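A quick write-up on the structure given underneath.
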Amino acid sequence: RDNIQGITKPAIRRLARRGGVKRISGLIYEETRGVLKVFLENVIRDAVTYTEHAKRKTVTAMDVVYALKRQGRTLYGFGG
Amino acid sequence: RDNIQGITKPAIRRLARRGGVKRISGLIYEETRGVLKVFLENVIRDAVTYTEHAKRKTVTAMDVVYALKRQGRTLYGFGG
Amino acid sequence: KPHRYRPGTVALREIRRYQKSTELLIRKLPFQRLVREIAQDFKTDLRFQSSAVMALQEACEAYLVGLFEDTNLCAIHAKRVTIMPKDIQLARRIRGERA
Amino acid sequence: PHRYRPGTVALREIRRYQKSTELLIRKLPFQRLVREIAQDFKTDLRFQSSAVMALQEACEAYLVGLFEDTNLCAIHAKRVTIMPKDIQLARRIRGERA
Amino acid sequence: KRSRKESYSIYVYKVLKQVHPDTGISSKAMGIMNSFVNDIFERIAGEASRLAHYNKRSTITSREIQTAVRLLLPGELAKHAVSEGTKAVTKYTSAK
Amino acid sequence: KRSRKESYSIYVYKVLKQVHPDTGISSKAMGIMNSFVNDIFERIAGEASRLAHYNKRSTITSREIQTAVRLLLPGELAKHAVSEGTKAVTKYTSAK
Amino acid sequence: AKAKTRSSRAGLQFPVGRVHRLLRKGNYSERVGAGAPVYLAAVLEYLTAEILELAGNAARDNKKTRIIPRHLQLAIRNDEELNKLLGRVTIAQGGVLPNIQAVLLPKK
Amino acid sequence: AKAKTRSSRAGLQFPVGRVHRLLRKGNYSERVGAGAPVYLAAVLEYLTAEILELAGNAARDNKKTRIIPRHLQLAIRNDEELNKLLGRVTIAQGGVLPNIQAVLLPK
Ligand SMILES: [Cl-]
Ligand SMILES: [Cl-]
C-alpha cells in the first residue's frame with residue numbers, strides 16, 4: 001500500500017523530542033517521511049545486494065549490519 | 001615559536017573568497033588559524049607516525065597521503 | 001477554568017521523557033510494512049529475520065534523532081525555536097548527504 | 001578617485017579566485033608552520049618538498065570547503081558576513097567537535 | 001637504476017587516445033588519474049574481500065567483483081560498469 | 001543439536017568480574033560489547049595490514065599492531081593500550 | 001605434555017590463540033608475528049575493561065545490578081575519548097545523553 | 001609458445017596481468033578467480049574512459065588540448081554520479097566550480 005503515512009505525526013514528534021526539539025513546523029512531517037524514505041531506501045538496497053550475493057530469499061540481521069557499516073552508520077548489538 | 005601568525009589576514013581572505021564568502025568578521029582570521037592548526041596537527045601526527053613506523057627521519061608525500069586517507073580527507077595526484 | 005499548561009511546557013516534559021528512555025518511538029508494524037514495501041523495489045517475495053527489521057528501526061530512529069539534533073541547532077542558529085524544512089536541508093547539505 | 005561600495009570588489013575577487021586553482025597561502029610561512037607542528041611529535045624531522053605541498057593542497061581544500069559550509073550557516077541566519085559562530089556550527093554538524 | 005616505480009600512466013594514455021585522439025594530459029593530471037585508478041582498485045578489491053569473508057568463501061570471483069561494483073557505484077555508472085565488466089569476461093572466455 | 005557460533009561474551013564476563021565483581025550484563029548489552037570488540041579488531045587488523053603492505057613487509061608484527069593502535073586510538077586511550085599491550089608482550093616472551 | 005594457554009602466558013583473559021587464528025584467516029597478511037595476537041588481545045581486553053568500568057558505574061548510579069546497553073551509552077558518550085572512538089557507532093537500545101539547549105528552557 | 005596478453009583477449013588496455021597480481025599480493029583473499037582481474041580491469045578501464053571523455057570535453061572549452069587537473073575537477077563535479085563517487089576526494093590543483101549564493105548578489 002502507502003505505508004510511509006504509517007509514520008504518524010506523533011511518531012515523528014516523539015523523535016524530534018528525543019532529539020531535543022521544543023517546537024515543530026507543520027511542513028516537517030512530510031520532509032521527515034521524505035528523508036526516512038531515502039535512508040531506508042539506500043540501506044535496504046545494499047542489504048538486499050548482500051542477501052542476493054549470498055543467494056538467499058531471507059534478509060539476515062547481518063545483511064543490514066554489513067549495509068549500515070558500508071553506508072557510514074555502524075550498529076552494535078545485531079552481531080558483527 | 002608563533003608561525004600560525006604567518007597565515008596572513010589577506011591569505012585567509014583569498015581562501016574565503018574562493019569559498020564564495022563576500023563579508024568577513026575580524027573575529028574570523030584567529031578562529032580560522034585555530035582550525036587550520038588542529039587540521040595540520042591532526043594530519044601530521046598520523047603522517048609522522050607513518051614516517052616513524054618506516055624508521056625514516058624524512059616524512060614522505062606518501063606518509064602525508066596514507067594520513068589524509070585515514071582522516072577520510074583522501075587526496076589525488078601525489079602517489080595515491 | 002479547566003487546568004491548562006502553556007505552549008512549550010508539555011514539549012519540554014516530552015523532551016525529558018524521551019531523552020531519559022531508550023524504547024523505539026515508531027510503531028513496530030507500520031515500520032515493518034514500510035520496510036517490506038521499500039524491499040519490493042529491489043526483489044519480490046523477500047523474507048526478513050525479525051532481528052533484521054529491528055536492526056533497521058534502531059538504525060533509522062537513531063539516524064533521524066541525530067538529524068533533528070543537528071537540525072534544532074540550525075533553527076537556534078537563525079534565532080528560532082521552531083524546526084523547519086530549510087533547517088533539515090542545511091543539516092543534510094553540511095553533513096554531505098545531498099548536494 | 002574610482003571607489004566601489006563595500007562588497008563589489010569582494011564579488012569580483014570571488015569570481016577571480018573561484019576560476020583559478022593556484023595555492024593562496026604563501027608557501028614558506030606554510031612550510032615553517034608544518035615543521036613547528038612536527039617538532040611537537042618528533043625533533044629533527046625532514047620533509048620531501050612534495051609532502052609539504054600535498055599538505056598545502058589538503059589544507060587549502062579543507063578551509064575553502066569549510067568556508068562554503070560556514071557561508072551557508074551565515075545566510076541561514078539571514079546574514080552575509082561569516083562569524084566564528086558560523087564555522088562553529090558547520091564543524092559541529094560536520095562532526096569535527098561536540 | 002632508480003627504484004622501478006610502476007604507474008598506470010600508459011593505460012591512461014591509450015584510453016585517452018581512444019576517446020579524444022587529438023587531446024593530451026599534463027603530468028599533474030596523469031598523477032590524478034593514477035591515484036583515481038588505485039583508489040577505485042582498493043575500494044572494489046576491499047568490498048569484494050568482505051563479500052568473500054561474509055559468505056565463508058576463500059575465492060574472489062568476477063561475481064564478488066560484480067556485487068562490489070553494484071554496491072560501490074551509483075545507479076547509471078554501476079549498470080554500465082557491470083556490462084563492460086560482463087562484456088570483457090565473456091570476450092575473454094571465448095577469445096581462447 | 002545445532003551449529004557452533006563463537007563469540008567474545010565469556011571473555012567479557014571474566015573481565016566484568018575482574019572490574020565490577022557484583023555486576024551482571026543483559027544479553028542486549030553483551031551483544032553491544034561483542035560488536036565493539038569485533039569492530040576494534042577489524043580496525044587494528046586493517047590498519048596493521050595497510051602498514052605492512054605500505055612498507056612491503058609480509059609479516060604483521062606486534063610493531064604493526066602497536067602503530068595501528070597509535071593511529072586508531074586517541075592520545076590517553078592509545079598510551080594505555082600501548083602500555084597494556086607492551087606489558088602483555090614482554091610477560092609472554094619471558095614465559096617462553 | 002602439559003599445555004599452558006598463551007592467554008595465561010600473557011596474563012590476558014582475552015584468547016591470544018583465537019586472535020592469532022582470526023588474523024591468519026582474516027586475510028590481513030601472509031605472515032603474523034607471534035607477539036601480534038598477544039599485543040592485540042591485550043589492547044582488546046583493555047578497552048573492554050575501560051568501557052565495562054564506566055558502564056559498571058552507570059549501572060550502580062541507576063541502582064541496577066546487570067548492565068543494559070544504555071549504561072554503555074551513558075559510559076561511552078560521557079567519557080570524551082571513548083566517544084571520539086565510537087564517533088560513527090550506533091548503540092542499540094542506547095538512547096541519547098539528556099541534553100536540552102539553553103535558549104529553549106523557560107524564563108525564571 | 002604463442003605471444004598473447006590476457007588484456008588483448010578481453011580486448012582491454014587495462015593490464016589484466018598486473019591487476020590479478022595486485023589482487024593476490026594485496027592480501028584480499030587466499031584464492032583469486034581467473035575472471036576477477038578481467039572484470040576488475042574492465043571496470044577500471046570504463047571509469048577511466050567516462051572521466052577522460054568528460055575531461056577531454058572540458059579541455060576544449062578552455063581552448064586547450066592537454067588536460068590539466070582543473071578539467072578533471074570541472075568534469076567530475078559537473079557529473080552528478082562521478083561527484084557522488086568522489087565525494088570525500090580532494091583533487092590537487094582542482095579549484096572549485098564557480099558558484100555565488102543568490103542573496104550575496106546585488107539588486
Ligand atoms: Cl610479533
Ligand atoms: Cl573468476
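Convention: chains lettered A, B, ... in C-alpha cells order; per-chain residue numbering from 1; ligands numbered from 1 as shown.
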Could you superimpose chain F onto chain E using every C-alpha atom, matched in order, and tell me the RMSD in Å? 0.5 Å
Just want the 8 Å neighbourhood of segment 34-41 of chain E, counted on only C-alpha atoms, with same-chain residues fewer than 6 positions away dropped. Output as a ChimeraX atom specification. /B:76-80 /E:7-9,12 /H:40,44,48
Who sits within 9 Å of residue 32 of chain A, only C-alpha atoms, same chain under 3 positions skipped, as a PyMOL selection string: (chain A and resi 12+27-29+35-37) or (chain C and resi 64+85+88)
Please identify the alpha helix (DSSP H) residues within chain H (assignment by DSSP from backbone atoms) and present them as JSON, numbers by chain. {"H": [7, 8, 9, 10, 16, 17, 18, 19, 20, 21, 22, 23, 24, 25, 36, 37, 38, 39, 40, 41, 42, 43, 44, 45, 46, 47, 48, 49, 50, 51, 52, 53, 54, 55, 56, 57, 58, 59, 60, 61, 69, 70, 71, 72, 73, 74, 75, 76, 77, 78, 80, 81, 82, 83, 84, 85]}
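Using only C-alpha atoms and all ligand atoms, residues with at least one atom at most 6 Å away from any atom of ligand 1 are residues 61 and 62 of chain F; 33, 34, 35 and 36 of chain G.
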Neighbours of ligand 2 within 9 Å, counting only C-alpha atoms and all ligand atoms, as a PyMOL selection string? (chain E and resi 59-65+89) or (chain H and resi 32-39)
Restricting it to N, CA and C atoms, dump the selection as a PDB file, in the first residue's frame.
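The file below, selection.pdb, is the result:
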```pdb
ATOM      1  N   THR E  59      37.725 -17.666  -2.113  1.00  0.00           N
ATOM      2  CA  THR E  59      37.940 -17.196  -3.502  1.00  0.00           C
ATOM      3  C   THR E  59      37.089 -15.946  -3.810  1.00  0.00           C
ATOM      4  N   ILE E  60      37.782 -14.914  -4.294  1.00  0.00           N
ATOM      5  CA  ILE E  60      37.223 -13.758  -5.047  1.00  0.00           C
ATOM      6  C   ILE E  60      37.060 -14.165  -6.515  1.00  0.00           C
ATOM      7  N   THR E  61      35.820 -14.262  -6.961  1.00  0.00           N
ATOM      8  CA  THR E  61      35.441 -14.469  -8.373  1.00  0.00           C
ATOM      9  C   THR E  61      34.982 -13.113  -8.930  1.00  0.00           C
ATOM     10  N   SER E  62      34.973 -12.973 -10.253  1.00  0.00           N
ATOM     11  CA  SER E  62      34.158 -11.987 -11.003  1.00  0.00           C
ATOM     12  C   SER E  62      32.849 -11.652 -10.256  1.00  0.00           C
ATOM     13  N   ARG E  63      32.131 -12.674  -9.789  1.00  0.00           N
ATOM     14  CA  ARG E  63      30.839 -12.499  -9.080  1.00  0.00           C
ATOM     15  C   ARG E  63      31.021 -11.513  -7.917  1.00  0.00           C
ATOM     16  N   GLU E  64      32.055 -11.700  -7.100  1.00  0.00           N
ATOM     17  CA  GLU E  64      32.339 -10.760  -5.986  1.00  0.00           C
ATOM     18  C   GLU E  64      32.551  -9.385  -6.629  1.00  0.00           C
ATOM     19  N   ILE E  65      33.520  -9.290  -7.543  1.00  0.00           N
ATOM     20  CA  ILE E  65      33.894  -8.025  -8.233  1.00  0.00           C
ATOM     21  C   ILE E  65      32.623  -7.354  -8.744  1.00  0.00           C
ATOM     22  N   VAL E  89      34.628 -10.158 -19.768  1.00  0.00           N
ATOM     23  CA  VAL E  89      34.884 -11.512 -19.187  1.00  0.00           C
ATOM     24  C   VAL E  89      34.527 -12.586 -20.213  1.00  0.00           C
TER      25      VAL E  89
ATOM     26  N   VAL H  32      42.012 -16.239  -5.930  1.00  0.00           N
ATOM     27  CA  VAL H  32      41.512 -15.268  -6.939  1.00  0.00           C
ATOM     28  C   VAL H  32      41.056 -16.046  -8.179  1.00  0.00           C
ATOM     29  N   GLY H  33      39.770 -15.957  -8.543  1.00  0.00           N
ATOM     30  CA  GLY H  33      39.212 -16.430  -9.832  1.00  0.00           C
ATOM     31  C   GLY H  33      39.933 -15.848 -11.047  1.00  0.00           C
ATOM     32  N   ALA H  34      39.892 -16.535 -12.185  1.00  0.00           N
ATOM     33  CA  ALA H  34      40.625 -16.082 -13.388  1.00  0.00           C
ATOM     34  C   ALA H  34      39.854 -14.921 -14.012  1.00  0.00           C
ATOM     35  N   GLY H  35      38.542 -14.842 -13.725  1.00  0.00           N
ATOM     36  CA  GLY H  35      37.578 -13.868 -14.279  1.00  0.00           C
ATOM     37  C   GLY H  35      37.591 -12.527 -13.557  1.00  0.00           C
ATOM     38  N   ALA H  36      37.991 -12.510 -12.285  1.00  0.00           N
ATOM     39  CA  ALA H  36      38.020 -11.290 -11.454  1.00  0.00           C
ATOM     40  C   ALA H  36      38.897 -10.234 -12.120  1.00  0.00           C
ATOM     41  N   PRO H  37      40.203 -10.483 -12.346  1.00  0.00           N
ATOM     42  CA  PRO H  37      41.125  -9.418 -12.750  1.00  0.00           C
ATOM     43  C   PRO H  37      40.749  -8.817 -14.107  1.00  0.00           C
ATOM     44  N   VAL H  38      40.149  -9.646 -14.960  1.00  0.00           N
ATOM     45  CA  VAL H  38      39.396  -9.225 -16.176  1.00  0.00           C
ATOM     46  C   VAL H  38      38.292  -8.243 -15.745  1.00  0.00           C
ATOM     47  N   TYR H  39      37.328  -8.725 -14.950  1.00  0.00           N
ATOM     48  CA  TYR H  39      36.089  -7.989 -14.599  1.00  0.00           C
ATOM     49  C   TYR H  39      36.502  -6.693 -13.917  1.00  0.00           C
TER      50      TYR H  39
END
```
Would you mind writing down, as a ChimeraX atom specification, each residue of segment 18-77 of chain B that DSSP on the backbone assigns to strand (DSSP E)? /B:23-24,58-59,74-76
Shell around residue 75 of chain D at 9 Å using only C-alpha atoms, local window under 5 positions removed, as JSON, numbers by chain: {"D": [70, 80, 81, 82], "H": [101, 103, 104]}
Near chain F, which residues of chain G fall within 8 Å when you count only C-alpha atoms, and what do they look like as a ChimeraX atom specification? /G:6,9-15,23,28-40,42-49,52-53,56,65-69,72,81-82,84-85,91-92
Taking only residues of chain D that have an atom at most 12 Å from an atom of chain G, what is each one's shortest atom pair and its distance in Å to one decimal, using only C-alpha atoms, in chain and number order, as CSV?
```
residue,atom,partner,partner_atom,distance
D:94,CA,G:87,CA,11.7
D:95,CA,G:87,CA,8.3
D:96,CA,G:84,CA,9.9
D:97,CA,G:84,CA,9.4
D:98,CA,G:84,CA,9.4
```
With N, CA and C atoms retained, write the just-selected residues as a PDB file, in the first residue's frame.
```pdb
ATOM      1  N   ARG D  94      29.343  18.867  10.827  1.00  0.00           N
ATOM      2  CA  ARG D  94      30.298  18.016  10.068  1.00  0.00           C
ATOM      3  C   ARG D  94      30.803  16.863  10.945  1.00  0.00           C
ATOM      4  N   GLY D  95      30.912  17.090  12.256  1.00  0.00           N
ATOM      5  CA  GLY D  95      31.396  16.105  13.240  1.00  0.00           C
ATOM      6  C   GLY D  95      32.869  16.308  13.525  1.00  0.00           C
ATOM      7  N   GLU D  96      33.273  17.550  13.759  1.00  0.00           N
ATOM      8  CA  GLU D  96      34.686  17.929  13.995  1.00  0.00           C
ATOM      9  C   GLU D  96      34.879  18.320  15.464  1.00  0.00           C
ATOM     10  N   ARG D  97      33.788  18.662  16.161  1.00  0.00           N
ATOM     11  CA  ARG D  97      33.761  18.925  17.627  1.00  0.00           C
ATOM     12  C   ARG D  97      32.372  18.571  18.183  1.00  0.00           C
ATOM     13  N   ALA D  98      32.239  18.442  19.511  1.00  0.00           N
ATOM     14  CA  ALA D  98      30.961  18.131  20.201  1.00  0.00           C
ATOM     15  C   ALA D  98      30.095  19.397  20.277  1.00  0.00           C
TER      16      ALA D  98
END
```
Residues of chain B within 6 Å of chain H, using only C-alpha atoms, as a list in words?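 For chain B, the answer reads residues 20, 74, 75 and 76 of chain B.
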Skip residue 80 of chain C itself and residues of its chain fewer than 5 positions away, then list as a ChimeraX atom specification all residues within 12 Å of it, counting only C-alpha atoms. /A:21-25 /C:71-75,87 /D:76-78 /G:103-104
Each residue of chain B with at least one atom at most 8 Å from chain D should appear once, together with its nearest atom pair and the corresponding distance in Å (one decimal); atoms considered: only C-alpha atoms; ordering: chain, then increasing residue number; output as CSV.
```
residue,atom,partner,partner_atom,distance
B:1,CA,D:36,CA,7.2
B:3,CA,D:33,CA,5.4
B:4,CA,D:33,CA,6.2
B:6,CA,D:29,CA,5.4
B:7,CA,D:29,CA,6.9
B:11,CA,D:25,CA,5.6
B:12,CA,D:25,CA,7.7
B:14,CA,D:24,CA,6.2
B:15,CA,D:64,CA,5.5
B:16,CA,D:67,CA,5.5
B:17,CA,D:14,CA,4.6
B:18,CA,D:18,CA,4.6
B:19,CA,D:64,CA,4.6
B:20,CA,D:14,CA,5.8
B:21,CA,D:71,CA,5.8
B:22,CA,D:10,CA,5.4
B:23,CA,D:81,CA,4.4
B:24,CA,D:81,CA,5.3
B:25,CA,D:83,CA,5.5
B:27,CA,D:84,CA,6.5
B:28,CA,D:84,CA,5.5
B:31,CA,D:84,CA,6.2
B:36,CA,D:59,CA,7.1
B:39,CA,D:59,CA,7.4
B:40,CA,D:34,CA,7.1
B:41,CA,D:37,CA,6.0
B:44,CA,D:38,CA,6.6
B:45,CA,D:41,CA,6.5
B:48,CA,D:41,CA,7.5
B:57,CA,D:45,CA,5.5
B:58,CA,D:46,CA,4.3
B:59,CA,D:47,CA,4.9
B:60,CA,D:48,CA,5.4
B:61,CA,D:51,CA,3.5
B:62,CA,D:51,CA,7.2
B:63,CA,D:51,CA,7.7
B:64,CA,D:51,CA,5.9
B:65,CA,D:54,CA,7.6
B:68,CA,D:58,CA,7.6
B:73,CA,D:58,CA,7.4
B:75,CA,D:58,CA,6.9
B:78,CA,D:54,CA,6.7
```
Resulting file, chosen residues, C-alpha atoms, as a compact mmCIF listing (two decimals), in the first residue's frame:
```txt
# COMPACT_ATOMS: atom_id res chain seq x y z
CA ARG B 1 57.51 29.85 18.16
CA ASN B 3 54.31 30.97 12.76
CA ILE B 4 50.48 30.46 12.91
CA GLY B 6 52.33 33.90 9.27
CA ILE B 7 48.90 32.73 7.89
CA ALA B 11 45.54 34.99 2.69
CA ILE B 12 42.66 33.54 4.86
CA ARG B 14 41.71 34.63 -0.51
CA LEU B 15 40.60 31.13 0.71
CA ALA B 16 37.24 32.53 1.92
CA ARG B 17 36.94 34.35 -1.49
CA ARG B 18 37.37 31.01 -3.44
CA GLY B 19 34.84 29.53 -0.92
CA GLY B 20 32.25 32.18 -2.04
CA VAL B 21 32.25 34.32 1.18
CA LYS B 22 31.58 38.06 0.43
CA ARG B 23 31.95 39.60 4.01
CA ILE B 24 34.32 38.59 6.92
CA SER B 25 34.16 39.38 10.71
CA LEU B 27 36.98 37.56 15.00
CA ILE B 28 37.29 35.07 11.99
CA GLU B 31 39.24 31.15 14.68
CA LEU B 36 43.98 25.12 10.40
CA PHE B 39 43.83 20.16 10.97
CA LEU B 40 47.60 20.29 10.29
CA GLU B 41 48.38 18.95 13.82
CA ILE B 44 51.00 15.43 10.54
CA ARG B 45 50.62 13.42 13.82
CA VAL B 48 54.98 11.26 11.13
CA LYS B 57 63.99 10.74 9.54
CA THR B 58 62.31 12.18 6.34
CA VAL B 59 58.46 12.48 6.11
CA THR B 60 57.39 11.46 2.54
CA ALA B 61 54.45 12.66 0.36
CA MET B 62 53.03 9.08 0.76
CA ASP B 63 53.15 9.45 4.61
CA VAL B 64 51.06 12.63 4.14
CA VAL B 65 48.67 10.65 1.75
CA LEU B 68 44.88 12.28 4.61
CA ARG B 73 40.35 13.58 3.63
CA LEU B 75 43.95 13.30 -1.91
CA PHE B 78 50.84 12.70 -5.02
```
